[PDB]
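Colleague: This is the structure, below, for whatever I ask next.
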Amino acid sequence: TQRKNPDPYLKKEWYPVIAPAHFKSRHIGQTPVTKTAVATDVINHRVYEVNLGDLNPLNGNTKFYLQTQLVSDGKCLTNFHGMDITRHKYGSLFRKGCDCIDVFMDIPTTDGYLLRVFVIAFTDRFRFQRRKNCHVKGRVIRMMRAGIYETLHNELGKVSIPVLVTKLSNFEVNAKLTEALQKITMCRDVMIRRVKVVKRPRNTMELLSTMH
Amino acid sequence: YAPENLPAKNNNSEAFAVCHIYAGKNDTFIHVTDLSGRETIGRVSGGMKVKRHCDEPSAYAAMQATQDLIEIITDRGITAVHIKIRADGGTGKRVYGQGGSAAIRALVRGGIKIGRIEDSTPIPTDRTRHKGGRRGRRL
Amino acid sequence: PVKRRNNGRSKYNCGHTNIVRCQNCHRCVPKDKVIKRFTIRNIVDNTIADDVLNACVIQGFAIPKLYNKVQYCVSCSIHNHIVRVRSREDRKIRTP
RNA sequence: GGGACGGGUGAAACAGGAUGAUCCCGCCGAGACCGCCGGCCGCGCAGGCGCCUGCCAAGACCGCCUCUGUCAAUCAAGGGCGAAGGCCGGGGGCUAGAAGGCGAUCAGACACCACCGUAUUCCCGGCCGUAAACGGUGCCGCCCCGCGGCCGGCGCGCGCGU
Ligand SMILES: CC[C@H]1CN2CCc3cc(OC)c(OC)cc3[C@@H]2C[C@@H]1C[C@H]1NCCc2cc(OC)c(OC)cc21
Ligand SMILES: [Mg+2]
Ligand SMILES: [Mg+2]
Ligand SMILES: [Mg+2]
Ligand SMILES: [Mg+2]
Ligand SMILES: [Mg+2]
Ligand SMILES: [Zn+2]
């Protein structure tokens with residue numbers, strides 16, 4: 001049954017991993033891999049979860065997903081793949097006594113991507129309100145959902161991957177969402193929960209060149 | 001180990017790995033993996049250090065296993081790690097065991113730099129039916 | 001005779017409610033009859049929080065919390081001292 | 001990828017592992033279900049009711065110097081709906097799990113604990129017509145101490161606050 005084998009780490013070597021130019025700190029780290037027996041084809045399409053705070057040393061509760069698409073000059077080149085918040089923040093948002101709206105929409109880019117965007121929101125209590133609960137009537141909720149859809153469509157209807165990445169990094173969409181929703185009523189929190197890529201074109205080389 | 005078999009050294013920054021802690025109620029796992037969860041640098045379990053099945057998830061076994069893992073990974077050239085602590089989850093206890101904190105303190109007192117810490121326990125948006133029946137473990 | 005006016009549950013203006021499972025024994029209980037508590041705790045015990053912060057490389061880091069809602073059945077809450085058997089007059093008290 | 005245990009219990013033992021398990025990661029397939037918000041909130045004749053989008057018909061409440069003019073209440077017979085389990089004929093097959101098997105405990109254990117697992121649990125058409133189907137309080141109508149909380153609608157007052 002039992003048998004001994006040689007130490008595998010006597011035939012490994014490391015590669016560097018780099019991030020798109022939207023961020024200040026572009027060295028994610030290094031990855032091990034086994035020598036050809038091909039490494040340049042085996043370290044491809046690997047996904048890395050990087051915190052936004054480390055990418056731009058308000059940011060510690062958001063992380064990005066980056067995928068390698070090309071190996072060149074002994075380095076791995078990555079682009080956008082996803083976006084998410086941390087679990088503790090999500091758990092902290094919820095509160096007893098208020099209702100929440102959780103919307104999602106599918107948005108197509110100009111580079112051939114189809115994205116699914118999830119938006120969450122919460123209601124708050126007025127400064128001078130007799131009651132202690134923050135529940136609202138149905139028409140207000142419908143108006144909030146309609147406003148969310150309208151703002152999302154108008155702010156991301158015709159966007160590209162670099163512009164979307166910059167907007168996500170600097171929270172502009174959150175800014176318009178909260179600005180618009182506050183015109184309907186009190187809105188404690190309004191952000192984007194996460195972004196998913198559903199389908200992308202098979203060949204993305206000019207896109208990669210532009211990002212890096 | 002030849003230098004090309006190790007991460008490139010740079011005073012600019014130190015190599016970062018990821019440690020996965022499984023703090024179960026019957027065993028504990030300490031798993032070190034690179035930034036992408038595909039390359040395994042060192043793996044140890046609490047059942048490799050005890051002779052009684054009931055002490056596999058105890059803190060002492062976790063500490064010894066963490067010491068062994070420390071030795072291995074330092075030999076392989078790693079200095080800092082992120083933490084991903086988890087429980088059974090999946091319609092289960094959803095509470096950490098008693099070996100997780102022991103492993104964390106062993107890592108801290110073992111001369112390792114710590115990065116981020118997060119929960120990774122699997123939780124459903126909604127679940128299947130669990131075992132026990134509608135009367136539960138009657139005992 | 002009747003022991004409580006609420007019949008041991010908070011059920012008003014309805015006939016049926018969705019069920020939940022006890023987190024200790026996995027018994028099936030009505031949602032309105034189950035004992036619920038919300039807890040907020042640090043991932044790391046406060047004893048080693050200072051040590052972790054000392055070890056941490058990040059600047060301005062904050063220890064994450066854990067948010068869990070625990071639900072227990074009548075039998076398990078009494079066994080684990082989550083609730084207590086009170087006197088006839090104390091049973092009417094609704095304040096913690 | 002990596003290399004020796006893993007599972008489970010009060011403690012153990014049956015099933016899993018060099019045919020590389022447990023663990024990490026990515027993809028694929030199917031079928032259930034609708035969480036934290038979620039409540040001395042609400043809806044419905046009752047049984048019951050919680051993903052996104054769209055369509056369809058309906059209902060109680062309030063407001064009114066709108067219409068008719070007793071057209072009403074309760075009811076054997078009769079008709080309709082009716083949790084879960086169960087049955088007939090077709091689909092589907094993931095969790096759980098009657099029956100059955102097996103490991104423990106015991107004086108015994110064919111039970112409580114552990115593991116595997118058929119019918120069933122899901123959909124369509126149709127039977128059955130029972131529950132601590134409980135507010136253990138039949139339906140319509142009048143008078144009736146005081147204090148207070150919440151939901152829906154309407155009106156008054158001001159220093160305009162939900
Ligand atoms: C239902 C299985 C029974 C099998 N055993 C007999 C031997 C035994 C000896 C113990 O002393 C250490 C012991 O401590 C927990 C448990 C047992 C179990 C007992 C089981 C009987 C069961 N019903 C009666 C009371 C009881 C109490 C228990 O304590 C929590 C218990 O643990 C699961 C099981 C039981
Ligand atoms: Mg008992
Ligand atoms: Mg009595
Ligand atoms: Mg009932
Ligand atoms: Mg049925
Ligand atoms: Mg009766
Ligand atoms: Zn419990």
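Chain lettering (A, B, ...) mirrors the order of the structure tokens, residue numbering begins at 1 for each chain separately, and ligand numbering begins at 1 in order of display.
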Find the residues near ligand 3. Use a cut-off of 10 Å, count only C-alpha atoms (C1' of nucleotides) and all ligand atoms, and write them as a ChimeraX atom specification.
Modeller: /C:1-3
Colleague: Could those selected residues go to a file with N, CA, C and O atoms, as an mmCIF file, in the first residue's frame?
Modeller:
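The new file part_18.cif reads:
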```
data_model
loop_
_atom_site.group_PDB
_atom_site.id
_atom_site.type_symbol
_atom_site.label_atom_id
_atom_site.label_comp_id
_atom_site.auth_asym_id
_atom_site.auth_seq_id
_atom_site.Cartn_x
_atom_site.Cartn_y
_atom_site.Cartn_z
ATOM 1 N N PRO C 1 -55.747 23.145 32.975
ATOM 2 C CA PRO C 1 -56.231 24.457 32.536
ATOM 3 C C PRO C 1 -55.245 25.170 31.618
ATOM 4 O O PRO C 1 -54.138 24.680 31.402
ATOM 5 N N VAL C 2 -55.654 26.320 31.083
ATOM 6 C CA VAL C 2 -54.789 27.087 30.197
ATOM 7 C C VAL C 2 -53.702 27.770 31.012
ATOM 8 O O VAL C 2 -53.977 28.411 32.037
ATOM 9 N N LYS C 3 -52.460 27.637 30.556
ATOM 10 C CA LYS C 3 -51.309 28.191 31.254
ATOM 11 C C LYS C 3 -50.926 29.574 30.751
ATOM 12 O O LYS C 3 -50.428 30.392 31.532
#
```
Colleague: Would you give me, as an NGL selection string, the residues of chain B that come within 10 Å of chain C, using only C-alpha atoms?
Modeller: :B and (80 or 82 or 85 or 91-96 or 100-101 or 104-105 or 107-109 or 111-119 or 129-139)
Colleague: Got a sec: who's within 7 Å of stretch 50-58 of chain A, counting only C-alpha atoms (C1' of nucleotides), leaving out chain neighbours fewer than 3 positions off, as a list in words?
Modeller: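 Final neighbour list, sorted by chain and number: residues 23, 24, 25, 62, 63, 64 and 65 of chain A.
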Colleague: Give me a file of those residues, with N, CA, C and O atoms, as a PDB file, in the first residue's frame.
Modeller:
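What follows is the written file selection16.pdb:
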```
ATOM      1  N   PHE A  23      -4.995  50.234 -11.630  1.00  0.00           N
ATOM      2  CA  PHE A  23      -4.640  50.176 -10.220  1.00  0.00           C
ATOM      3  C   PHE A  23      -3.169  50.517 -10.022  1.00  0.00           C
ATOM      4  O   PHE A  23      -2.331  50.272 -10.894  1.00  0.00           O
ATOM      5  N   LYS A  24      -2.871  51.097  -8.857  1.00  0.00           N
ATOM      6  CA  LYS A  24      -1.517  51.568  -8.576  1.00  0.00           C
ATOM      7  C   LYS A  24      -0.553  50.409  -8.359  1.00  0.00           C
ATOM      8  O   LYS A  24       0.536  50.377  -8.945  1.00  0.00           O
ATOM      9  N   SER A  25      -0.931  49.450  -7.518  1.00  0.00           N
ATOM     10  CA  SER A  25      -0.075  48.316  -7.190  1.00  0.00           C
ATOM     11  C   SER A  25      -0.393  47.186  -8.159  1.00  0.00           C
ATOM     12  O   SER A  25      -1.450  46.554  -8.065  1.00  0.00           O
ATOM     13  N   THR A  62     -14.141  45.333  -0.561  1.00  0.00           N
ATOM     14  CA  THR A  62     -14.405  44.986  -1.948  1.00  0.00           C
ATOM     15  C   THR A  62     -13.206  44.241  -2.514  1.00  0.00           C
ATOM     16  O   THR A  62     -12.056  44.560  -2.205  1.00  0.00           O
ATOM     17  N   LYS A  63     -13.486  43.241  -3.347  1.00  0.00           N
ATOM     18  CA  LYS A  63     -12.444  42.447  -3.977  1.00  0.00           C
ATOM     19  C   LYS A  63     -12.778  42.246  -5.447  1.00  0.00           C
ATOM     20  O   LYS A  63     -13.939  42.301  -5.857  1.00  0.00           O
ATOM     21  N   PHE A  64     -11.732  42.016  -6.234  1.00  0.00           N
ATOM     22  CA  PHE A  64     -11.847  41.804  -7.666  1.00  0.00           C
ATOM     23  C   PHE A  64     -11.329  40.420  -8.033  1.00  0.00           C
ATOM     24  O   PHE A  64     -10.526  39.819  -7.314  1.00  0.00           O
ATOM     25  N   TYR A  65     -11.813  39.922  -9.164  1.00  0.00           N
ATOM     26  CA  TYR A  65     -11.375  38.655  -9.732  1.00  0.00           C
ATOM     27  C   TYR A  65     -10.676  38.922 -11.055  1.00  0.00           C
ATOM     28  O   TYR A  65     -11.226  39.603 -11.925  1.00  0.00           O
TER      29      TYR A  65
END
```
Colleague: List as a list in words the protein and nucleic acid residues lying within 9 Å of ligand 1, with only C-alpha atoms (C1' of nucleotides) and all ligand atoms counted.
Modeller: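 With only C-alpha atoms (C1' of nucleotides) and all ligand atoms and a cut-off of 9 Å, ligand 1 is contacted by residues 137, 138 and 139 of chain B; 9, 10, 11, 104, 105, 106, 111, 112 and 113 of chain D.
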Colleague: Give the residue list for ligand 5 at 10 Å, counting only C-alpha atoms (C1' of nucleotides) and all ligand atoms, as a PyMOL selection string, sorted by chain and then by residue number.
Modeller: chain D and resi 83-86+120-121
Colleague: Could you check the closest approach to ligand 7 for each of C:84, C:4, C:36, C:41 and tell me which residue wins, using only C-alpha atoms and all ligand atoms?
Modeller: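 Counting only C-alpha atoms and all ligand atoms, the residue closest to ligand 7 is C:36.
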Colleague: Name the closest residue to chain B among the candidates D:92, D:69, D:35, D:20; distances are taken between atoms, counting only C-alpha atoms (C1' of nucleotides).
Modeller: D:35
